[PDB]
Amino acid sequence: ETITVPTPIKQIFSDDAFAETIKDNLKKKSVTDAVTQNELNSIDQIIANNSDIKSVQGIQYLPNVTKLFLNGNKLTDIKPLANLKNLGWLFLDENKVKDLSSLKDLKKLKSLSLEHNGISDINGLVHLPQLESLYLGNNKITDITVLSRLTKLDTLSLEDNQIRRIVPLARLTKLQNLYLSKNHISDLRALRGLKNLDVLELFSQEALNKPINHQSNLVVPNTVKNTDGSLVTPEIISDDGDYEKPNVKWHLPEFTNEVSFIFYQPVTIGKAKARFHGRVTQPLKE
């Protein structure tokens, strides 16, 4: 938490690439140059996107840093951020930060970006109800329960995850930019109260029905639902099927292991327009 003698930058900051970042931030000549706690205390901002950083060890001695631009590095461990109590913006897109528990005490964090991190558990974000901006695109998330607590969010991206249940978003009325494309969403009722939306994306959903028994004359309830709960009429039905609301119907004279349908609905929420479209797969059992 502090250094008590002038100390080589390369001593404090174990990663070479991070040492080099600190040297450039402080305008030092070399990584072997002695630094003081007073100089480390002057660091408000580190911009080191795309800098091949494997570890931010030594960052613990920068008590005043409020902004970290660390996108496009190779970080796995953020425990060195745990006690940076003034952190306000933290950009970690394209790393491998999987463990979020170190964010717990960052009560000033307003903007967090963790795109493409292989994240599946975001329950540790329950400790950041003050968050206003949250990018979690391109991860492995299914359960967004904790997001119901993040009621200050005006920006949220969850595109390219494996979310079906969007109920946790319903009360998040501050949302202005919401990115939900490439999930598993069939039902938009949760989004109906988001009257402040300016930007909404709902492209390319994939829904999977629980298996049913094949029948030569198959009847399957349509489950794709607009914000008002109404069923979205399908646009293409597989295997020469047809639609008789509320049901999709197929003549399947031989067994086949699946049918499907594709849907599309232009939707308006708040001030925002989006194309909700996707497909529904119905596996069949012999």
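The first residue of the shown sequence is 1; numbering continues from there.
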Of the two stretches 50 to 58 and 245 to 253, which shows the higher Cα B-factor on average in the entry? 50 to 58
When the Cα temperature factors in the entry are averaged, is it 175 to 183 or 99 to 107 that ends up higher? 99 to 107
Comparing C-alpha B-factors across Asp33, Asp239, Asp44, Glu235 in this entry, the winner is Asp33
Is the Cα B-factor recorded for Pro6 in the lowest, middle or highest third of its chain? middle
Could you place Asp143 in the lowest, middle or highest third of its chain by Cα temperature factor, using the values in the record? middle
Quick check on the deposited entry: does the C-alpha B-factor of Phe263 sit in the lowest, middle or highest third of its chain? lowest
Compared with the other modelled residues in the chain, in which third is the CA B-factor of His277? lowest
Split the chain's modelled residues into thirds by Cα B-factor; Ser120 lands in the highest
